[PDB]
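Residue numbers (the UniProt record's numbering), protein chains in the order written: chain U, 2 to 97; chain L, 2 to 122; chain X, 2 to 82; chain Z, 2 to 130; chain R, 2 to 95; chain H, 1 to 87; chain Y, 34 to 249; chain W, 2 to 207; chain D, 1 to 25.
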Amino acid sequence: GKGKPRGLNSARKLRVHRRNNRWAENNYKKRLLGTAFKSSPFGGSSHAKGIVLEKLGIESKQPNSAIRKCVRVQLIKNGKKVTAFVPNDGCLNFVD
Amino acid sequence: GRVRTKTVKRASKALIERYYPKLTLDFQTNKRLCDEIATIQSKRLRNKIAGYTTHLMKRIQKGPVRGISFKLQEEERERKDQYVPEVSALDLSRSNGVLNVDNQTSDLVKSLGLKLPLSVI
Amino acid sequence: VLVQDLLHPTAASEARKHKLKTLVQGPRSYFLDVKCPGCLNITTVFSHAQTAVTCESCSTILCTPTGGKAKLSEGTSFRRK
Amino acid sequence: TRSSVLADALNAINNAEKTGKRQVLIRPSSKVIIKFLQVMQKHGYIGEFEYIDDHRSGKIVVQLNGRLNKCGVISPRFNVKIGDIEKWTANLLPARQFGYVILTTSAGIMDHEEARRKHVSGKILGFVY
Amino acid sequence: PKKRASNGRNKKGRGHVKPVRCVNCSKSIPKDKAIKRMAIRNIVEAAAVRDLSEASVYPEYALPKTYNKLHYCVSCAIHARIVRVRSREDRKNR
Amino acid sequence: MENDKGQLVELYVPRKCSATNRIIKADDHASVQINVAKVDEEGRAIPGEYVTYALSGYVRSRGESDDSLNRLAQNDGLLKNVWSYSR
Amino acid sequence: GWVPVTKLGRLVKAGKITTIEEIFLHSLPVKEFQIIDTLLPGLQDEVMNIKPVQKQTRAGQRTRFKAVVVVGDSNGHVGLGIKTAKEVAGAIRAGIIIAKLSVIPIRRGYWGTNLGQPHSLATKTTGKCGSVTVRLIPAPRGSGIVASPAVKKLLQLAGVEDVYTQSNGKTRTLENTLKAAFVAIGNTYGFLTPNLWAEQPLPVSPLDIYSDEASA
Amino acid sequence: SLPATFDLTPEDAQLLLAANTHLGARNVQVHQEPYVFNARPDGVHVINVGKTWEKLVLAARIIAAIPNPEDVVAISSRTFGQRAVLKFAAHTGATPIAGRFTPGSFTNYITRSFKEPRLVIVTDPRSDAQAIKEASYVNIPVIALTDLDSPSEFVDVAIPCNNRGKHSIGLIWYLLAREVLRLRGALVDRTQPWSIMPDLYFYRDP
Amino acid sequence: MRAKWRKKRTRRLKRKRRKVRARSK
RNA sequence: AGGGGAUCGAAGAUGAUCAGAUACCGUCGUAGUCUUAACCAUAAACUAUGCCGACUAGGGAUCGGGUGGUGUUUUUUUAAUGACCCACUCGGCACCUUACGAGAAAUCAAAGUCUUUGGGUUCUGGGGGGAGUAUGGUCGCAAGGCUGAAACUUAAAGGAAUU
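Right, here's the structure in full:
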């Protein structure tokens, strides 16, 4: 019977078992639990302004050798300390 | 080791394939005959080819061996293909004119061919 | 065999199969008539009696209980009914 | 235990066809199975079935010609409407030209094409092709 | 991956048996799993019977033989060369 | 297959096995075609006339090819009492 | 020069067998790539890709190239062949020969109006090679071959104008899904559509009637 | 049908039962062999010699159906039928593979032993499984001298006979040669017995 | 690490955490 | 918590070997190993394969019961019974050969009858770590059992086979 109920009057069992089994999905848990509104630094936003506290420099991970020239910026709304990344070459001079 | 190479092995068998009587049962007499028969560029090579050939010439005298095919092998077995036993060819013989059978075998006889000599055991 | 008659089995095939595996379900038992010595007093006895049958006239064992077919007494005669 | 009689009968028929056998012993017995065999006979997917009668359910022996490919049951018996016939035939049949979805309806047991012409619909039994 | 149909050794339908002890290293092994070799060797060594016979009271006729059953663990049986590994095709051979 | 005007589309209408009706595939390199010579009165075969029997690869692999062939031979009259329907 | 060895090669060279249909109908084994090209002169080649295969040895690898080549004309015939070789061009040359030797025909059909010419497949046919499955559902006119570009090209050389496709498994393995698709278009004639139900006399094998031009 | 002159004559019946051809094997018996007729108390299963004759003449018609008498191939790996195949390959045409049969005579098209037959006649299918296996790939009917216990895989025509005996194997080959020669049209009347001794196909111990 | 030794280590660590727990609660 | 406590023997005490050895090896040795009464609810507790039902390639051996064969042997040569031989049947622990069929393969008479997808039903899993951890409940004298996350981190782990 493929391990699933197959009666014409057995729909609650499939509906319930679907409800628990979809919780294993990463997207299903991420959306319904609403962790983006609690633990995400951006708080469910595409952009976030902040204040440049200091200029930062980090080293690359294995098989690589560079300093990424990052920056530590405190978001305004949340007030959390968040590291950012200045993308283009020679762009730290613009920021301060 | 004295293991002969396949080159002298195959050529020697080919020599006896078409030349039974030419290779005599002695080494020296047919050693030069092998040179006269096959194009051999080395005196050493024809010496070993005749040595194996003479040794094979001795073994065939004792009896047939594998891979002989000497144009005379069929001569005996084409003569020895007509054994044809004169009378007792396992038919109407080996008994007192009656075939020894069993009870179940008799029921097979009474099926369609009951007109036969039977001897139920 | 791909082409065989499951609808008209031969006598040998039906006699070999179990009573529950034949073309039609039927018993394999039978009823026997046993007579005590001297008096006739015919009585019917099952093949698997499961008990010790006695003719009400004479207190004599006519068969002994057995897991398979019932074993009739030596001083008895049996006939198919 | 034994839940459906037609499911076992059709499975045995399919197994016999896969084994190159021209016969199969159907032994859950039913009237739906008999009617399911009659509609198969109407399109020539089987030969002749004769029902052995004991004082129990019964047995059926159907002679199979080498024309049937697959016969199955659709359990549970879904409440297919008259507009869902095309959807079922588009998921249980290889091609639209042949193949017959055998469904039970208030006018009896028959196939999908006859249901369209009679303009009636019922429960879906299975499929034959 | 699976190696043998009988996983450990000769046990289908029991589930548990009383274990035995190896005679070499005293390893605890299941009775079925243990590899048993029977020793039928004579009480005397190879030859030397003729020396015994000359110094034998009564018309000899004794020649006793000691009988013993030995249980070997997998590690000891392989190490003692009693049981040797085989190819996959030879593994199925009994 | 045919279209509306009636001319026969689809090519090489395939053969079928003589024991269990099944299309013999083009790459089914296990099906042989049995040919049986026809005798006439004098007991000599007549070249050119054959009794064509076809057996699919599946039947041959099962080992029922011999059983099927005698059934067809007995049905067509080639053999007399080598098969029994009521086995 | 060909100097064929097989009986079929002698027959086709002499001009006795003039159609590939007779060999398909009689299931006559053939291993001679002259036979296939002579009977099917419009026969084309299309290689998907070349994937090297490496075997490790005591000192370095033994890189060899594996090529997949499709052989088939767009009117009912198609063939596939895979061969490994040290040189990529040699693998392609050998792949053409094998694909020629493995030419299979196609049973086209319709989604259905019984009106024009066979465009789609007659029934639903699938083939499995390893873990990949390829389903070929018939499609209405004008739908086209909706599938991966590799199998779309293979089906376009098979003569199919429109079809539906479903795949399950690691479809990224091109060789497996090509063979699985090849089996799918190989089982089309296997299906017994009710039109092919009438009994027909068994044709006598061409070799039996042409045994005079065989051997010696 | 047949002119009814091919029925088992008492002379042929006497010969067949003299070589113990009817004597089959013990309880080992495949379900694909219904030719067995009762069973002796010892355990030997008796083969109906009548069914062998109709199967023998059916094979003869099949062999005679071959137009050119070289596509017929007789193969034998057992030493008890080597001479029978050789004599059968010299009296009724056909090519012999008596002795070792190399793996590839039927499939490898560049070998020195490559032949393209239309009919293969093996002696022991169990001992000639390689020949049957290759014959399956190239669409060739197989005729085998099978017993009750011998496998019937890829065997289209069976000849019920005893394979564990020189007498039975030689007799079946002798009878098969007799029937096929009469069908070809070289053995004149079908009533006169063949002028060669049946022991010619037999194999001597040396 | 082995499963047994890892489980024993985390069990001893759990025992230590619970012993610290019993001091406050 | 009592009885019992001979061998083996978590701890521990020594003898060594070893650069180090409170490990492997040797000699002692407590708890324990046995049992009574009450708890603990765990295992590679595995056939790593849930239960019920139907169908499908053959072959032999074996366990329990039954049937038949003037079958063999046995006591009083010969009745019974019993023990064996042959044939058959039902339920079993299983096994040998093939692979229609399935599977990624190793392999499987099911792990087959699943893209030709549907016999009935229960439980579990959704990349690898964190983690069976933290907390909250619940059971237990305790050791521990059941339910059971998140933050964070990574582009790999993992399975079967080839050289």
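Just so it is clear, CB atoms sit at the ideal spot from N, CA and C, and this is done for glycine as well.
What residues in the segment 82-93 of chain L have a beta carbon less than 7 Å from any beta carbon of chain W?
Under the 7 Å Cβ criterion, the segment 82-93 of chain L contributes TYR84, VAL85, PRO86, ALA90, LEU91, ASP92.
How far does the alpha helix (DSSP H) with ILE131(Y) in it extend, from its first residue to its last?
Residues 121-134.
For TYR53(H) versus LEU72(H), is the C-beta distance shorter than 8 Å?
Going by C-beta atoms, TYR53(H) is nearer than 8 Å to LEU72(H).
Output the distance between the C-alpha atoms of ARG78(Z) and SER58(Z), rounded to the nearest integer angstrom.
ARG78(Z) and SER58(Z): Cα-Cα distance of roughly 22 Å.
For the segment 7-27 of chain H, enumerate the residues whose C-beta is nearer than 8 Å to any C-beta of chain W, in chain order.
Correct list: empty, as no residue qualifies.
Among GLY64(L), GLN62(L), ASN31(L), which has the Cα closest to the Cα of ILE50(L)?
Nearest in C-alpha terms to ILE50(L), of all of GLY64(L), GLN62(L), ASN31(L), is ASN31(L).
Exposure label - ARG3(Z); buried when at least 16 CB within 10 Å:
Residue environment analysis places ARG3(Z) among the exposed positions, since fewer than 16 neighbouring C-beta atoms fall within 10 angstroms of its C-beta.
Scan the segment 217-247 of chain Y for residues whose Cβ lies nearer than 9 Å to a Cβ of chain Z and list them as they occur along the chain.
Within the segment 217-247 of chain Y, the residues whose Cβ lies closer than 9 Å to any Cβ of chain Z are, in chain order, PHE224, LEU225, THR226, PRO227, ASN228, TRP230.
Supposed close pair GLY51(W), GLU71(W) - CB separation, criterion 8 Å
32 Å between Cβ atoms; not a contact.
Looking at C-alpha atoms only, which residue of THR84(U), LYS78(U), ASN79(U) is the closest neighbour of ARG69(U)?
The shortest C-alpha separation from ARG69(U) is found at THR84(U).
Can you check whether the CB of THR156(Y) is closer than 8 Å to the CB of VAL184(Y)?
Annotated as distal: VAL184(Y) and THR156(Y), with beta-carbon spacing of 8 Å or more.
Within the 8 Å Cβ cut-off, does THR166(Y) reach chain W?
With 8 Å as the cut-off, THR166(Y) does not count as an interface residue toward chain W.
How about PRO97(W): is its C-beta nearer than 8 Å to some C-beta of chain Y?
So no, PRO97(W) is outside the interface.
Along chain W, which residues have their Cβ under 8 Å away from the Cβ of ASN75(H)?
Simply none; closest approach about 12 Å.
For residue 108(X) and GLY21(Z), what's the separation of their Cα atoms in angstroms?
Look at the range of chain X in this structure, 2 to 82, and you will see that residue 108(X) is not part of it.
Just checking my contact of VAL47(W) with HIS23(W) at CB under 8 Å: how many whole Å lie between their CB atoms?
About 6 Å separates the two Cβ atoms, so the contact holds.
So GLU55(W) contacts chain Y; which residues on that side make the cut at Cβ distance below 7 Å?
For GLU55(W), there are no neighbours in chain Y by C-beta distance under 7 Å, as the nearest C-beta there is about 23 Å away.
Classify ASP78(Y) as helix, strand or coil using the three-state DSSP reduction.
Residue state, collapsed to three classes: strand.
Complete runs of the alpha helix (DSSP H) confined to the segment 18-78 of chain Z [at least 4 residues]:
The qualifying runs are 32-43.
Three-state secondary structure assigned by DSSP to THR10(D):
Judged by DSSP in its simplified three-state form, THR10(D) adopts helix.
Quick check on DSSP: helix, strand or coil for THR40(L)?
DSSP places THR40(L) in coil when its eight states are reduced to three.
Let me confirm a value: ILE242(Y) is counted as buried when at least 16 other C-beta atoms fall within 10 Å, else exposed. Which label applies?
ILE242(Y) counts as exposed, since fewer than 16 other C-beta atoms from the protein chains shown sit within 10 angstroms of its C-beta.
Can a CB atom of chain X be found closer than 8 Å to the CB of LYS22(Z)?
Yes, because at least one Cβ of chain X sits closer than 8 Å to the Cβ of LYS22(Z).
Apply the 10 Å Cβ neighbour rule to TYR59(R) and answer buried if 16 or more other Cβ atoms are within range, or exposed otherwise.
Exposed, by the Cβ-count rule.
Relative to chain Y, which residues along the segment 124-139 of chain W have a C-beta separation below 8 Å, given in chain order?
Result list: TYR138, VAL139.
7 Å CB neighbourhood of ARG73(U) in its chain, flanking five on each side removed
Contacts found: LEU54, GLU55, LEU57, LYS82, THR84.
What first and last residue would you give for the beta strand (DSSP E) that runs through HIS48(U)?
Premise fails: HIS48(U) is in no beta strand (DSSP E) and is neither H nor E.
Can you look up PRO227(Y) in the DSSP assignment and give me helix, strand or coil?
DSSP places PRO227(Y) in helix when its eight states are reduced to three.
Are the CB atoms of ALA35(R) and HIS80(R) within a distance shorter than 8 Å?
Not in contact: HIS80(R) and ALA35(R) (Cβ atoms no closer than 8 Å).
For the beta strand (DSSP E) containing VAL167(Y), name the first residue and the last one.
Boundaries of the beta strand (DSSP E) around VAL167(Y): 165-171.
Using a 10 Å radius around the Cβ and a threshold of 16 neighbouring Cβ atoms, would you call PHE95(U) buried or exposed?
In the assembly as shown, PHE95(U) is an exposed residue. Its beta-carbon has fewer than 16 other beta-carbons within 10 Å.
At what residues does the alpha helix (DSSP H) containing residue 88(H) begin and finish?
With chain H running from 1 to 87 in the structure shown, residue 88(H) is simply not present.
Quick check: is the beta carbon of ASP66(H) nearer than 8 Å to any beta carbon in chain X?
Output row for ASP66(H): interface = no.
List the endpoints of the continuous beta strand (DSSP E) containing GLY51(W).
Element bounds for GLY51(W): not the beta strand (DSSP E) but the alpha helix (DSSP H), 50-65.
Separation of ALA159(W) from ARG5(L), as counted between CA atoms:
One C-alpha to the other measures close to 49 Å.
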